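A short worksheet on the structure shown next.
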Number of protein chains: 2
Amino acid sequence: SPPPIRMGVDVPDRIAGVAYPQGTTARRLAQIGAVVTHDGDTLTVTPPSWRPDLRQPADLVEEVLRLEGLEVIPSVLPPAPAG
Amino acid sequence: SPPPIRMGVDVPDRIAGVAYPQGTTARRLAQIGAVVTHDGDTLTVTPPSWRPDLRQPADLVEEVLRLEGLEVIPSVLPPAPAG
Ligand SMILES: [Mg+2]
Ligand SMILES: [Mg+2]
């Protein structure tokens, strides 16, 4: 097993800009084969042996987002900086 | 006496973008001759008879801001959307 990865339970929600139903991140990361444990609002995720590409939280975020589907991410123009 | 005017105690602070010291609004409005009573977080302000220009909370905001000095108002860029 690779080293474990720690990330906040709502990190995929923030990156995607979507409030996923509760348990979505934990369910999806287990679905792809990782061991997921809870410590407050922080998940400790140990990827499976066949997923050496999962090394940091950003990798985990892609798994949740692609399985939930990118079509649920809304189109929200960010505010204009004072260019 | 003109009709009384109800205004939140922090209204001038919000419009100025400045956190004035405690009691600033009540002190300035009493200086210009108004009768000021406190109802929790809401002021009831009765302007003096020589100030018929004071009819709305915005009129009272101008009194506080001009006497505190507009130079204390900071310079921050607004959050304009993408045009
Ligand atoms: Mg990936
Ligand atoms: Mg005025």
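Once the mean of 1/r is taken over each pair of separate Cα atoms and inverted, chain A shows a Kirkwood hydrodynamic radius of 13.5 Å.
If you take each beta carbon of peptide A:72-80 and count the beta carbons of other chains within 10 angstrom, what is the mean? Write out the running numbers ahead of the final one.
On the way: counts 0, 0, 0, 0, 0, 2, 3, 5, 6.
The shielding value for this peptide is 2.
What's the angle, to the nearest 10 degrees (0 to 90), between helix A:57-68's Cα axis and the longest principal axis of chain A? That helix lies at roughly 80 degrees to the long axis. Distance between the pseudo-spin-label points of residue B:31 and residue A:39 (7 Å out from Cα toward the beta carbon): 5.7 nm.
Mean 1/r over all different Cα pairs, inverted: what Kirkwood radius does region A:40-83 give, in Å? Write out the running numbers ahead of the final one.
Working: mean 1/r = 0.0743 Å⁻¹.
Hydrodynamic radius (Kirkwood, Cα only) of region A:40-83 equals 13.5 Å.
Only Cα pairs under 8 Å and 6+ residues apart enter the sum, and on that basis the relative contact order of chain A stands at 38 percent. Spin-label model, residue A:22/residue A:62: points 7 Å from Cα along the beta carbon direction are separated by 3.1 nm.
Hey, got the dipole for chain B? About the Cα centre, +1 on K and R Cβ, -1 on D and E Cβ, debye to the nearest 20? List each step's numbers first, then the result.
Working: 7 positive and 10 negative charges, 28 e Å.
In total the dipole reaches around 140 debye.
Tell me the net charge near residue A:57. Cut-off is 12 Å between Cβ atoms, residue A:57 excluded, with +1 for each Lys or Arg and -1 for each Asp or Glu. Overall, the nearby charge balance is -1.
Note on A:25, B:44: ascending count of other Cβ atoms within 10 Å places them as B:44, A:25, the fewest first.
Read the figures in this text as sums done on the coordinates, not as results from a lab. Note that we place each Cβ from the backbone using ideal geometry, even for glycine, and neighbour counts take in every protein chain shown.
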